[PDB]
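Listed next as structure tokens: two forms of one protein chain, kept apart as structure 1 and structure 2.
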Structure 1
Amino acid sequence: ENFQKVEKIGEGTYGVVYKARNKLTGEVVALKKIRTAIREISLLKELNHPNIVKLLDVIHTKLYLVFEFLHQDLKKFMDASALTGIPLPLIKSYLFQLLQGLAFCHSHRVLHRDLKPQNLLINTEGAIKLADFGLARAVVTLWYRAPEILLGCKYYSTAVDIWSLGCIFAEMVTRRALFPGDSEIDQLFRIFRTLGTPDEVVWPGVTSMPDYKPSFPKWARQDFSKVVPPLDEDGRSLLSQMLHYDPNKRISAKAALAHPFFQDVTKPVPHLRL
């Protein structure tokens, strides 16, 4: 064995993840054990960005992915910060960095598809990185799933990642999940009860979606002032554009980076207890 497993650090959406040390290198890494796709996965090795976890190596026998190791994830950090809240400048820095990562991978036609706080990794320097990409084909948490996925769209787009990141943004601010559904229909109806049941006016073609039913209850939209109360008007405007129902009207990552909310963005350092 080339890798001394330091500690099982959990279970990703596609396999088991270990903290490990290379015996003849000393390098400390994260090992994801899993289970054509070999070709596409391998390409990810030399597409690098500061806000994307580095893929170091791909090993086939059962499939192994060797990643750089980060010491905390955002769910843990959110939980550790729940009595006080994450300071707004750090929320804003993290959101800005995550949109840079998404803009990079979307510009290379790579989607994540399963963003959640557990797959956002942070370090002591104030960086945050996207991990646990849903790139295998290319109980489960539904809380961050975009409505077009839930309505059965087969060919959903980079917009699904903006939706997920919007839900995470809201959760950092309010310290409660925005849409904590426990079934696909509960997830959909939680979205509808907050943003209003979508119709052809705000989402042309929605009533043609594979899983759309005319029998869906018709809930009125609530106001974002009620949804993420603390957040200022710049923040609420950006969030509203990240949660547009119509994937074609939803803001892109590149466009979100230009939003006035980020005019005063900085890079604070988190207080991490490791």
Structure 2
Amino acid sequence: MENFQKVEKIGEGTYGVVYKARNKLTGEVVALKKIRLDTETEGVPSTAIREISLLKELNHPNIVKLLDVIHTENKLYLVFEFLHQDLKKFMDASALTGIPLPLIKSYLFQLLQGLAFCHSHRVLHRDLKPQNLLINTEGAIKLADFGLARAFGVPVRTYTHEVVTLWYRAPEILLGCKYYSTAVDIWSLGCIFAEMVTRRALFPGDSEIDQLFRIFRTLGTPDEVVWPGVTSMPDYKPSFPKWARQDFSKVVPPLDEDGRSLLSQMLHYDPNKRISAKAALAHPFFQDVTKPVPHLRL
């Protein structure tokens, strides 16, 4: 730890504090996740254990690289590669102009490529959101924060205190399914894809019921035909208003036939029918995919 110079605080959380640092010997610019253990009366947090195990197994250009783990009696530090900004800051700068479709296409292709690797290596992210997605000046996007990530060698049971912020939560979680699946991660990206296009959160709910209703108002209220077993879900209510599906020309107006097709499959109600990362990567949407460089304001 003596070889690192802290430069700037680049994010906080319960997980630990993330800083921008410089290796004084090699000059290598890293991101450091500080995890205070003298504070932690229960030892090494399950998130730090889950994030280190899983990330150090996940070597992919669309997954953040974990360079080191400096484990001491006093604190725990995770050393990672550095990336210039998160998709949230990029999205806010582009709220006036707009992210051009070739860059949306590049970004979703890469997110799907990282996610496909996660999933083929039995790992759920469970917290995909713009700020957890990091971009660089050379044109790449990578998945970050594997704090709530889990190995699904045996099915992952649902937990209330360890779920994604409402806005990117899947309808199954909200209706109380007993288990997670790869489909939660796909829904999250679908929300993020529509956000890149329309320049705003697709389902910006203030509560679990407000979250559902915003989903139901857009994709229509699901029924036993659309989603078999939905009326048997713990948090389901027959009293729910029965809205009709809005046309994707109104939902995502600047999106083409393929883009509208891929998103409709990414936002399928039934997790068994929802498109996989592997499948989406074969979608005609990505036939003409290129790697453009973004316009960064550092």
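We call the rigid core the largest set of C-alpha positions that still match within 1.5 Å between the two forms. The first residue in the sequence of structure 1 is number 1, and each one after it adds one.
Superposition of the core reveals a Cα shift of 2 Å or more for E27 between structure 1 and structure 2. Annotation: Cα of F262 displaced by less than 2 Å between structure 1 and structure 2, core superposition. Core-aligned CA deviation for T13 between structure 1 and structure 2: 2 Å or greater.
With the core fitted, the CA of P147 sits 0.3 Å away from its counterpart between structure 1 and structure 2. On the core-superposed pair, the CA position of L47 changes by 2.3 Å between structure 1 and structure 2.
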